[PDB]
Amino acid sequence: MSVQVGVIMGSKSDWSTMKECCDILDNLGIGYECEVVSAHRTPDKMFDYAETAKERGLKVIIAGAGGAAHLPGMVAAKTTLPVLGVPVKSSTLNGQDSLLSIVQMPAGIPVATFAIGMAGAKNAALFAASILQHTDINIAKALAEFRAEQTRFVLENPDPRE
Amino acid sequence: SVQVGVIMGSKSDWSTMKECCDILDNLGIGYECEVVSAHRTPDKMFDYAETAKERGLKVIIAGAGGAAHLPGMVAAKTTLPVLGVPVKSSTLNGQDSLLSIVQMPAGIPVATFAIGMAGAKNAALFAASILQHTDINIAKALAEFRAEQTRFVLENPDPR
Amino acid sequence: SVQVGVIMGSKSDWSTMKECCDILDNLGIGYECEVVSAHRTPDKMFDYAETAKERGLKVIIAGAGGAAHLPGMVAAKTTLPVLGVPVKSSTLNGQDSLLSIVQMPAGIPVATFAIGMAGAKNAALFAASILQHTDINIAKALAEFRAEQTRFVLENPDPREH
Amino acid sequence: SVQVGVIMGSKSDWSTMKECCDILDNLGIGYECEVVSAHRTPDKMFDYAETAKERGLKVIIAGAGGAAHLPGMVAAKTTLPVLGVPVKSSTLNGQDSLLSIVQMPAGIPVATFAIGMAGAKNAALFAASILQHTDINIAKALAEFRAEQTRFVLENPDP
Amino acid sequence: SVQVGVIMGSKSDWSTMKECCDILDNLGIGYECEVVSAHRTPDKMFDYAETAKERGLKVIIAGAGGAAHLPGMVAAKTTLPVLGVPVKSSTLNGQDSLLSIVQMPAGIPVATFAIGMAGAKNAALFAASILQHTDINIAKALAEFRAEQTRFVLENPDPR
Amino acid sequence: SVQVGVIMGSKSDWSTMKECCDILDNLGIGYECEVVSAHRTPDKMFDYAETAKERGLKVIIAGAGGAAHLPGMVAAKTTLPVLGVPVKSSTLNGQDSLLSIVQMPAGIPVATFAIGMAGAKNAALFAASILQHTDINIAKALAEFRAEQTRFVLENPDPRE
Amino acid sequence: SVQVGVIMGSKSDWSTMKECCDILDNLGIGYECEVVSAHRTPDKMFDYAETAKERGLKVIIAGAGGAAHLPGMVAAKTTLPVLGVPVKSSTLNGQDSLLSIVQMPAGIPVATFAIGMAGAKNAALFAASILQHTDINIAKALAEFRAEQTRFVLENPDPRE
Amino acid sequence: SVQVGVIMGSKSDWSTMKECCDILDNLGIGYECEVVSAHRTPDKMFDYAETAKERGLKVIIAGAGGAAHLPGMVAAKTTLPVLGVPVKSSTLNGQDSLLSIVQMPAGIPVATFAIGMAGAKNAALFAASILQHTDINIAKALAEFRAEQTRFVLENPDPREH
Ligand SMILES: [Cl-]
Ligand SMILES: [Cl-]
Ligand SMILES: [Cl-]
Ligand SMILES: [Cl-]
Ligand SMILES: [Cl-]
Ligand SMILES: [Cl-]
Ligand SMILES: [Cl-]
Ligand SMILES: [Cl-]
Ligand SMILES: [Cl-]
Ligand SMILES: [Cl-]
Ligand SMILES: [Cl-]
Ligand SMILES: [Cl-]
Ligand SMILES: [Cl-]
Ligand SMILES: [Cl-]
């Protein structure tokens with residue numbers, strides 16, 4: 001089970017969201033590491049994490065932050081690996097700040113952005129799977145079964161009065 | 001060889017999506033560009049998405065505005081990564097576009113980029129970052145692209 | 001006869017859409033209710049929309065939240081009137097749902113109602129206003145519904161208890 | 001025959017609402033068009049709404065901007081389906097118009113469409129989708145409209 | 001003497017509008033309270049507005065939420081000053097209420113206050129400021145209300 | 001009889017606030033107009049508010065944009081009714097103006113009108129409704145203003161040419 | 001030695017502004033904390049601002065919600081740096097507070113921080129970053145606060161706990 | 001003497017940040033101005049921030065648009081006060097810029113000013129209010145600026161002036 005995804009977040013308070021990303025990676029049998037890496041409070045460590053990611057065997061980085069969420073964009077500035085950004089739902093502005101701070105990157109350094117909150121955490125994992133499946137048969141199979149399952153679940157339960 | 005499918009809901013999106021295509025050309029990445037309407041050509045859209053993998057595509061980049069459903073619906077019908085570009089809408093300046101693309105519930109992801117030209121450029125660059133993993137020439141091209149933009153700023157520090 | 005199809009992207013929408021169904025029952029309008037996911041069951045969605053007219057449906061009421069594509073994609077595949085109900089999302093309180101539904105470009109319309117339960121109820125009542133033109137029992141039932149809600153306000157004019 | 005009432009809050013709304021009327025013309029749907037202000041002509045508004053059904057109208061399409069009350073207040077006074085078109089306001093780009101029309105509490109519905117010209121067009125097309133059940137030529141005109149818009153995109157795939 | 005009409009779109013608005021009525025009581029201003037639904041009782045609404053002046057009302061205070069049409073529609077049918085209170089809506093936190101009331105085009109004004117209880121309270125205080133010119137007792141009651149809220153803060157500088 | 005004070009934070013607001021003054025002229029209501037800056041002339045703003053009532057004013061109409069503090073701060077310093085006009089700001093289209101005026105907490109009210117010229121016109125008309133109960137000529141003028149605007153619509157029902 | 005004035009429009013802002021005071025205490029910075037309402041005590045607010053420099057204050061931190069005018073109005077009446085903290089309003093979650101503080105037109109600046117407790121804490125830290133220039137003990141306290149927060153994240157990399 | 005560093009993410013920010021520099025010029029405040037991109041020149045940004053205090057800078061004014069990370073990331077790497085100017089973006093009129101700058105979590109502050117030109121001017125004036133404590137000539141210049149702006153309004157009370 002090779003470690004192919006780095007899941008990183010600006011603070012421990014982002015874990016209730018980011019754990020849902022790790023849960024999907026676990027369910028899909030994808031190897032990952034999870035770490036608190038703060039753009040603001042540990043900037044030098046953030047640069048190091050990004051700089052070394054490729055040589056460490058990582059293929060995708062998933063980064064979550066809230067508020068003025070700079071972590072995903074700053075990582076993306078320092079690696080050519082694909083970076084996925086998860087806007088963590090802020091208590092004040094409901095992740096609207098997080099979302100704009102991540103998605104509105106000017107041209108040159110992209111961050112793939114997903115839905116605010118847990119929906120986006122889970123979707124970032126599934127999207128990472130969608131990238132990794134091209135060179136990992138186990139992942140292709142696990143992702144296909146995931147999608148087959150979610151389709152089957154709706155088809156088998158059509159009546160909402162159940 | 002055609003590895004990226006660049007699609008958009010209408011011809012009016014071309015002024016945005018052309019910038020995505022310009023980057024793929026610059027990086028030596030094969031692509032096709034096509035108008036595919038989720039609302040006006042729903043059957044073609046389903047067929048496009050269903051056949052993408054077997055036609056050799058590795059990534060789909062989809063642009064739409066307003067109630068922008070094209071990226072999410074293509075994503076529902078292919079296992080390939082789909083990148084969504086919110087097109088700047090005349091009434092709400094892409095606010096509608098962005099929310100309609102990015103706020104996908106858990107299960108079917110769409111990787112979303114900035115509203116407008118910025119997003120169209122970054123989706124192309126992100127596609128390059130997916131494709132570089134198995135293509136040396138693309139890794140080199142993307143590395144050079146980044147060096148070029150870095151150099152442009154470093155060699156032009158005085159804003160006057 | 002079944003004249004209205006009430007559909008929703010997920011079972012989590014039933015707490016909103018059951019309020020639609022409650023009004024159709026009160027007005028004696030025939031309907032079916034079903035979970036039809038635009039993202040997880042896209043094929044069934046197309047099939048449902050494609051055949052609704054030949055099945056005898058005259059209106060479709062479709063609820064969805066977040067990036068809410070169900071109403072619009074149904075409307076792309078049927079010439080029947082499609083009524084869209086934006087389900088109140090947990091992050092953005094239905095703002096995403098509303099914009100995702102109402103901001104349809106010219107060519108394929110979706111009639112949109114208020115976010116949440118209010119919209120669900122109103123879609124049912126709007127369906128009644130479409131169907132009363134060829135059904136006298138529905139006309140009477142709607143006239144009575146409107147007369148009763150008017151009486152309720154009039155019967156209790158001063159809200160002070162003391 | 002006149003089956004659609006197209007009303008608007010002020011003459012300044014006509015650059016938007018004319019786009020509704022153009023689609024109605026194209027589909028062969030008879031209509032009347034009038035300026036009916038909720039705030040400047042409230043009695044005329046109530047009168048218009050009250051008699052619409054008895055005058056043979058089947059659908060009312062109402063456009064207004066800003067604090068846009070015309071659609072909702074018409075809907076309050078007719079049992080006919082009322083379609084609401086939020087006009088693009090100069091200050092807030094129709095966000096006021098949109099919320100003022102779509103956010104009706106339970107009991108009196110207004111079917112709401114996109115802000116601006118897009119919603120004006122879509123209101124016309126939705127009126128057609130209501131009227132097609134009882135009218136063959138309208139059913140035909142709407143089928144042909146949809147077929148032609150689909151063909152136009154299929155014929156023009158290269159941007 | 002009943003000089004202020006306090007009206008509201010539904011009974012559920014009473015939790016907000018009660019706060020308006022409380023201030024009018026504290027200032028010794030006569031008022032009436034009534035549920036008047038723009039949408040469910042439109043004829044009653046027109047009759048309320050048409051007869052207000054002849055009934056001796058001087059100010060109307062109208063609360064409503066969502067697509068809040070009551071204040072504007074009353075203002076269209078009376079030349080009396082109409083104060084609007086956007087009631088805090090469950091979905092959009094009164095943003096719909098606020099725009100629906102404040103964004104009246106030129107011709108028929110509605111004086112608009114804060115969303116929720118704050119605005120309800122302030123509409124009552126503003127009614128007092130309109131009426132003060134015609135009654136020394138209301139003028140004194142309002143001056144005293146202000147004097148008291150000022151003294152309450154000066155006397156309590158320490159938040160600790 | 002100068003009964004209404006029309007004030008604004010800056011000269012750049014005059015294109016909006018002149019429309020308020022135009023209605024007051026049309027209705028025969030006496031007024032004065034002045035540039036009074038809450039941030040650049042705070043002392044003058046306090047003095048203006050403090051002395052309004054003794055100077056004969058009955059209503060103050062105040063326009064400002066951005067972080068629009070003039071209406072609320074004038075209302076803090078006079079017992080007279082204050083009418084606030086959110087001026088359309090260049091960056092946020094008067095969203096900032098509107099929230100900065102209307103969202104006064106309980107205790108000190110400001111009657112707020114629509115963003116821009118619409119609000120400026122409507123503040124003047126609202127001032128007229130406050131004052132009409134005082135001069136039969138103002139009541140008549142306001143009633144005529146409404147009749148004329150109604151007549152423009154009733155006599156011109158067809159938007160098509 | 002009292003160098004920072006921490007003021008707020010109402011006592012209900014204390015659960016937010018207390019977090020500012022906690023940081024100033026931890027950094028050893030002298031402060032005073034007072035309720036000063038721009039709308040209910042406008043004269044006191046003018047006098048506070050006018051005499052702040054005389055009283056030895058170097059920075060003023062001002063919190064307010066809703067139509068939040070306290071920071072801008074203090075800034076109009078002192079040349080001392082004024083830091084604005086937008087308090088989280090119950091209706092609009094501090095959006096009104098934020099726009100009312102930050103969108104000051106050119107001429108009278110207010111340094112604005114995040115909505116709510118994060119902004120209260122940051123205003124205190126920012127005040128420290130002003131005072132460190134002429135106070136070596138404050139320079140050292142701030143440097144260590146930042147080293148402490150950095151070390152804590154570095155020592156706790158694992159989000160499981 | 002150079003006491004203020006004025007930096008901006010891109011040359012397109014100059015039409016806004018030039019207004020900051022104009023005020024600094026008018027007040028007699030020494031500054032330097034440079035394009036420093038958080039995303040395209042991250043190492044240079046870090047270097048600029050790290051060395052600012054030892055180069056004799058006392059205040060940094062940073063402007064950026066969109067997902068505006070420059071001010072926060074500079075603030076993470078210097079103990080000096082950082083002033084943030086949200087540049088008015090084409091799409092979202094600086095709403096993204098503003099949230100990206102002002103919504104910094106606790107620990108690393110950025111003093112934020114109004115969106116656009118107003119904020120650039122105000123950042124310059126706020127820098128002056130920091131520097132006035134140890135620079136007599138700056139104190140005099142800022143006092144004169146405030147007196148003049150007050151005078152201008154007092155001397156032009158009638159908006160009908162022509
Ligand atoms: Cl570090
Ligand atoms: Cl097709
Ligand atoms: Cl689309
Ligand atoms: Cl399916
Ligand atoms: Cl959906
Ligand atoms: Cl209207
Ligand atoms: Cl009634
Ligand atoms: Cl209402
Ligand atoms: Cl002065
Ligand atoms: Cl102001
Ligand atoms: Cl006082
Ligand atoms: Cl305040
Ligand atoms: Cl660099
Ligand atoms: Cl940046």
# chains A, B, ... in the order shown; residues from 1 in each chain; ligands from 1

$ calpha_fit_and_write --fixed "chain B" --moving "chain E" --output "PDB file with C-alpha atoms, in the first residue's frame"
ATOM      1  CA  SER E   1      -2.183  12.464 -29.773  1.00  0.00           C
ATOM      2  CA  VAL E   2      -5.531  13.846 -28.555  1.00  0.00           C
ATOM      3  CA  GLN E   3      -5.475  13.481 -24.756  1.00  0.00           C
ATOM      4  CA  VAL E   4      -7.609  16.424 -23.687  1.00  0.00           C
ATOM      5  CA  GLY E   5     -11.222  17.150 -24.612  1.00  0.00           C
ATOM      6  CA  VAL E   6     -12.076  20.845 -24.314  1.00  0.00           C
ATOM      7  CA  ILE E   7     -15.845  21.290 -24.376  1.00  0.00           C
ATOM      8  CA  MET E   8     -18.175  24.182 -23.831  1.00  0.00           C
ATOM      9  CA  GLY E   9     -21.836  24.803 -23.524  1.00  0.00           C
ATOM     10  CA  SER E  10     -22.179  27.239 -26.419  1.00  0.00           C
ATOM     11  CA  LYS E  11     -20.158  28.930 -29.132  1.00  0.00           C
ATOM     12  CA  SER E  12     -20.212  32.185 -27.141  1.00  0.00           C
ATOM     13  CA  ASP E  13     -17.988  30.512 -24.527  1.00  0.00           C
ATOM     14  CA  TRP E  14     -15.180  30.241 -27.077  1.00  0.00           C
ATOM     15  CA  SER E  15     -13.819  33.674 -26.186  1.00  0.00           C
ATOM     16  CA  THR E  16     -13.004  32.175 -22.755  1.00  0.00           C
ATOM     17  CA  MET E  17     -12.143  28.627 -23.711  1.00  0.00           C
ATOM     18  CA  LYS E  18      -9.750  29.759 -26.532  1.00  0.00           C
ATOM     19  CA  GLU E  19      -7.410  30.776 -23.727  1.00  0.00           C
ATOM     20  CA  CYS E  20      -7.423  27.195 -22.397  1.00  0.00           C
ATOM     21  CA  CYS E  21      -6.635  25.854 -25.886  1.00  0.00           C
ATOM     22  CA  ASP E  22      -3.814  28.398 -26.367  1.00  0.00           C
ATOM     23  CA  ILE E  23      -1.963  27.048 -23.321  1.00  0.00           C
ATOM     24  CA  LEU E  24      -2.428  23.424 -24.402  1.00  0.00           C
ATOM     25  CA  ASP E  25      -0.838  24.420 -27.783  1.00  0.00           C
ATOM     26  CA  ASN E  26       2.055  26.141 -26.045  1.00  0.00           C
ATOM     27  CA  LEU E  27       2.685  23.009 -23.983  1.00  0.00           C
ATOM     28  CA  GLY E  28       2.497  20.619 -27.001  1.00  0.00           C
ATOM     29  CA  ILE E  29      -0.560  18.796 -25.663  1.00  0.00           C
ATOM     30  CA  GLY E  30      -2.972  17.320 -28.165  1.00  0.00           C
ATOM     31  CA  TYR E  31      -6.594  18.243 -27.682  1.00  0.00           C
ATOM     32  CA  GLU E  32      -9.950  18.532 -29.364  1.00  0.00           C
ATOM     33  CA  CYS E  33     -12.500  21.333 -29.011  1.00  0.00           C
ATOM     34  CA  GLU E  34     -16.229  20.838 -29.177  1.00  0.00           C
ATOM     35  CA  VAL E  35     -19.512  22.628 -28.409  1.00  0.00           C
ATOM     36  CA  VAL E  36     -21.573  20.251 -26.235  1.00  0.00           C
ATOM     37  CA  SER E  37     -24.709  21.780 -24.667  1.00  0.00           C
ATOM     38  CA  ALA E  38     -25.919  20.054 -21.476  1.00  0.00           C
ATOM     39  CA  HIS E  39     -29.347  21.546 -22.081  1.00  0.00           C
ATOM     40  CA  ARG E  40     -29.747  21.771 -25.845  1.00  0.00           C
ATOM     41  CA  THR E  41     -27.799  18.581 -26.746  1.00  0.00           C
ATOM     42  CA  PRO E  42     -28.137  16.322 -23.774  1.00  0.00           C
ATOM     43  CA  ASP E  43     -27.865  13.068 -25.751  1.00  0.00           C
ATOM     44  CA  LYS E  44     -24.720  14.267 -27.479  1.00  0.00           C
ATOM     45  CA  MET E  45     -23.342  15.183 -24.043  1.00  0.00           C
ATOM     46  CA  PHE E  46     -23.955  11.664 -22.638  1.00  0.00           C
ATOM     47  CA  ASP E  47     -22.339  10.134 -25.769  1.00  0.00           C
ATOM     48  CA  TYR E  48     -19.305  12.376 -25.502  1.00  0.00           C
ATOM     49  CA  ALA E  49     -18.765  11.453 -21.873  1.00  0.00           C
ATOM     50  CA  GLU E  50     -19.463   7.694 -22.330  1.00  0.00           C
ATOM     51  CA  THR E  51     -17.014   7.327 -25.225  1.00  0.00           C
ATOM     52  CA  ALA E  52     -14.241   9.640 -23.952  1.00  0.00           C
ATOM     53  CA  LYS E  53     -12.079   6.998 -22.332  1.00  0.00           C
ATOM     54  CA  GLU E  54     -12.313   4.583 -25.308  1.00  0.00           C
ATOM     55  CA  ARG E  55     -11.406   7.487 -27.604  1.00  0.00           C
ATOM     56  CA  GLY E  56      -8.122   7.886 -25.704  1.00  0.00           C
ATOM     57  CA  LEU E  57      -9.030  11.071 -23.796  1.00  0.00           C
ATOM     58  CA  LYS E  58      -7.375  11.366 -20.381  1.00  0.00           C
ATOM     59  CA  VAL E  59      -8.841  14.670 -19.092  1.00  0.00           C
ATOM     60  CA  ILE E  60     -11.992  16.622 -19.971  1.00  0.00           C
ATOM     61  CA  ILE E  61     -12.089  20.424 -19.572  1.00  0.00           C
ATOM     62  CA  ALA E  62     -15.646  21.793 -19.599  1.00  0.00           C
ATOM     63  CA  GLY E  63     -16.727  25.408 -19.566  1.00  0.00           C
ATOM     64  CA  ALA E  64     -20.245  26.725 -19.004  1.00  0.00           C
ATOM     65  CA  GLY E  65     -22.057  29.716 -17.520  1.00  0.00           C
ATOM     66  CA  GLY E  66     -25.230  30.563 -15.654  1.00  0.00           C
ATOM     67  CA  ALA E  67     -26.806  27.348 -14.301  1.00  0.00           C
ATOM     68  CA  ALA E  68     -23.663  25.515 -15.431  1.00  0.00           C
ATOM     69  CA  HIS E  69     -24.470  21.822 -15.510  1.00  0.00           C
ATOM     70  CA  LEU E  70     -22.135  20.595 -18.256  1.00  0.00           C
ATOM     71  CA  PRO E  71     -19.068  19.825 -16.133  1.00  0.00           C
ATOM     72  CA  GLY E  72     -21.017  17.918 -13.447  1.00  0.00           C
ATOM     73  CA  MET E  73     -23.082  15.954 -15.930  1.00  0.00           C
ATOM     74  CA  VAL E  74     -20.045  14.872 -17.924  1.00  0.00           C
ATOM     75  CA  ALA E  75     -18.295  13.864 -14.668  1.00  0.00           C
ATOM     76  CA  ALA E  76     -21.332  11.679 -13.789  1.00  0.00           C
ATOM     77  CA  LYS E  77     -20.880   9.689 -17.011  1.00  0.00           C
ATOM     78  CA  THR E  78     -17.091   9.155 -17.200  1.00  0.00           C
ATOM     79  CA  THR E  79     -14.486   8.153 -14.600  1.00  0.00           C
ATOM     80  CA  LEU E  80     -12.027  10.470 -16.270  1.00  0.00           C
ATOM     81  CA  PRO E  81     -11.052  13.624 -14.359  1.00  0.00           C
ATOM     82  CA  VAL E  82     -13.272  16.549 -15.321  1.00  0.00           C
ATOM     83  CA  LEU E  83     -12.065  20.119 -14.866  1.00  0.00           C
ATOM     84  CA  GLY E  84     -14.716  22.835 -14.712  1.00  0.00           C
ATOM     85  CA  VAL E  85     -14.336  26.441 -15.895  1.00  0.00           C
ATOM     86  CA  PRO E  86     -17.083  28.799 -14.681  1.00  0.00           C
ATOM     87  CA  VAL E  87     -17.727  31.158 -17.608  1.00  0.00           C
ATOM     88  CA  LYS E  88     -18.304  34.810 -16.548  1.00  0.00           C
ATOM     89  CA  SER E  89     -21.996  35.443 -16.867  1.00  0.00           C
ATOM     90  CA  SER E  90     -23.283  38.835 -17.864  1.00  0.00           C
ATOM     91  CA  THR E  91     -25.770  39.216 -14.970  1.00  0.00           C
ATOM     92  CA  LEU E  92     -24.049  37.650 -11.948  1.00  0.00           C
ATOM     93  CA  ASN E  93     -20.390  37.847 -13.009  1.00  0.00           C
ATOM     94  CA  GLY E  94     -19.989  34.057 -12.962  1.00  0.00           C
ATOM     95  CA  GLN E  95     -21.171  33.621  -9.319  1.00  0.00           C
ATOM     96  CA  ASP E  96     -23.974  31.369 -10.550  1.00  0.00           C
ATOM     97  CA  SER E  97     -21.490  29.536 -12.809  1.00  0.00           C
ATOM     98  CA  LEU E  98     -19.027  29.026  -9.956  1.00  0.00           C
ATOM     99  CA  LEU E  99     -21.565  27.643  -7.452  1.00  0.00           C
ATOM    100  CA  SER E 100     -23.242  25.457 -10.124  1.00  0.00           C
ATOM    101  CA  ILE E 101     -19.896  23.776 -10.857  1.00  0.00           C
ATOM    102  CA  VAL E 102     -18.015  23.710  -7.535  1.00  0.00           C
ATOM    103  CA  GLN E 103     -20.797  22.689  -5.082  1.00  0.00           C
ATOM    104  CA  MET E 104     -21.048  19.027  -6.236  1.00  0.00           C
ATOM    105  CA  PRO E 105     -22.161  16.768  -3.347  1.00  0.00           C
ATOM    106  CA  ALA E 106     -19.912  13.820  -2.445  1.00  0.00           C
ATOM    107  CA  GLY E 107     -19.643  11.186  -5.101  1.00  0.00           C
ATOM    108  CA  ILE E 108     -18.989  12.802  -8.435  1.00  0.00           C
ATOM    109  CA  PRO E 109     -16.211  15.331  -8.316  1.00  0.00           C
ATOM    110  CA  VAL E 110     -15.528  18.340 -10.540  1.00  0.00           C
ATOM    111  CA  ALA E 111     -12.191  20.128 -10.143  1.00  0.00           C
ATOM    112  CA  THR E 112     -13.123  23.813 -10.332  1.00  0.00           C
ATOM    113  CA  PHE E 113     -11.006  26.803 -11.329  1.00  0.00           C
ATOM    114  CA  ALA E 114     -11.402  30.624 -11.208  1.00  0.00           C
ATOM    115  CA  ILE E 115     -14.201  32.391 -12.919  1.00  0.00           C
ATOM    116  CA  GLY E 116     -13.398  33.388 -16.532  1.00  0.00           C
ATOM    117  CA  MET E 117     -10.217  33.400 -18.553  1.00  0.00           C
ATOM    118  CA  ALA E 118      -8.052  32.925 -15.435  1.00  0.00           C
ATOM    119  CA  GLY E 119      -9.729  29.593 -14.762  1.00  0.00           C
ATOM    120  CA  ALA E 120      -9.644  28.560 -18.430  1.00  0.00           C
ATOM    121  CA  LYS E 121      -5.889  29.115 -18.461  1.00  0.00           C
ATOM    122  CA  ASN E 122      -5.455  27.345 -15.130  1.00  0.00           C
ATOM    123  CA  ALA E 123      -7.534  24.318 -16.236  1.00  0.00           C
ATOM    124  CA  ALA E 124      -5.106  23.835 -19.129  1.00  0.00           C
ATOM    125  CA  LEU E 125      -2.153  24.089 -16.797  1.00  0.00           C
ATOM    126  CA  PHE E 126      -3.756  21.647 -14.373  1.00  0.00           C
ATOM    127  CA  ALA E 127      -4.424  19.194 -17.216  1.00  0.00           C
ATOM    128  CA  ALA E 128      -0.706  19.380 -17.953  1.00  0.00           C
ATOM    129  CA  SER E 129       0.061  18.594 -14.287  1.00  0.00           C
ATOM    130  CA  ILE E 130      -2.154  15.474 -14.439  1.00  0.00           C
ATOM    131  CA  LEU E 131      -0.587  14.322 -17.713  1.00  0.00           C
ATOM    132  CA  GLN E 132       3.035  15.036 -16.783  1.00  0.00           C
ATOM    133  CA  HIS E 133       3.334  11.737 -14.886  1.00  0.00           C
ATOM    134  CA  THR E 134       2.882   9.828 -18.197  1.00  0.00           C
ATOM    135  CA  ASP E 135       5.018  11.980 -20.518  1.00  0.00           C
ATOM    136  CA  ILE E 136       8.440  13.550 -20.023  1.00  0.00           C
ATOM    137  CA  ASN E 137       7.841  16.089 -22.789  1.00  0.00           C
ATOM    138  CA  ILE E 138       4.673  17.524 -21.202  1.00  0.00           C
ATOM    139  CA  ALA E 139       6.495  17.471 -17.831  1.00  0.00           C
ATOM    140  CA  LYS E 140       9.359  19.495 -19.287  1.00  0.00           C
ATOM    141  CA  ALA E 141       6.988  21.911 -21.106  1.00  0.00           C
ATOM    142  CA  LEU E 142       5.149  22.647 -17.867  1.00  0.00           C
ATOM    143  CA  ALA E 143       8.370  23.044 -15.833  1.00  0.00           C
ATOM    144  CA  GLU E 144       9.514  25.459 -18.504  1.00  0.00           C
ATOM    145  CA  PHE E 145       6.261  27.424 -18.543  1.00  0.00           C
ATOM    146  CA  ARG E 146       6.581  27.885 -14.751  1.00  0.00           C
ATOM    147  CA  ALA E 147      10.278  28.716 -14.946  1.00  0.00           C
ATOM    148  CA  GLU E 148       9.471  31.389 -17.527  1.00  0.00           C
ATOM    149  CA  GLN E 149       6.610  33.085 -15.670  1.00  0.00           C
ATOM    150  CA  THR E 150       8.888  33.192 -12.594  1.00  0.00           C
ATOM    151  CA  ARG E 151      11.820  34.667 -14.553  1.00  0.00           C
ATOM    152  CA  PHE E 152       9.479  37.294 -16.128  1.00  0.00           C
ATOM    153  CA  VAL E 153       8.635  38.666 -12.677  1.00  0.00           C
ATOM    154  CA  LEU E 154      12.221  38.408 -11.251  1.00  0.00           C
ATOM    155  CA  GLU E 155      13.540  40.275 -14.308  1.00  0.00           C
ATOM    156  CA  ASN E 156      10.906  42.985 -14.012  1.00  0.00           C
ATOM    157  CA  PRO E 157      10.749  44.080 -10.318  1.00  0.00           C
ATOM    158  CA  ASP E 158       9.967  47.757 -10.980  1.00  0.00           C
ATOM    159  CA  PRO E 159       6.318  48.493 -11.735  1.00  0.00           C
ATOM    160  CA  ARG E 160       7.162  52.126 -12.536  1.00  0.00           C
TER     161      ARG E 160
END

$ residues_around --residues "region 31-44 of chain H" --least-positions-apart "4" --cutoff "6 Å" --atoms "only C-alpha atoms" --output "list in words"
residues 77 of chain A; 150, 157 and 158 of chain B; 2, 3, 4, 5, 6, 7, 8, 9, 10, 48 and 70 of chain H

$ interface_residues --of "chain H" --to "chain F" --cutoff "6 Å" --atoms "only C-alpha atoms" --output "PyMOL selection string"
chain H and resi 150+157-159

$ residues_near_ligand --ligand "ligand 12" --cutoff "12 Å" --atoms "only C-alpha atoms and all ligand atoms" --output "VMD selection string"
(chain F and resid 67 to 70 72 to 73 76 100 to 101 103 to 108) or (chain G and resid 7 to 10 13 35 to 42 45 62 to 74 84 to 87 89 96 to 98 100 to 101)

$ atom_distance --atom1 "CA of residue 154 (chain A)" --atom2 "CA of residue 15 (chain C)"
17.0 Å

$ residues_around --residues "residue 154 (chain G)" --least-positions-apart "3" --cutoff "10 Å" --atoms "only C-alpha atoms" --output "NGL selection string"
(:A and (36-38 or 41-42 or 45)) or (:G and (148-151 or 157-158))

$ select_by_dssp --residues "region 1-46 of chain H" --states "alpha helix (DSSP H)" --output "PyMOL selection string"
chain H and resi 14-26+42-46
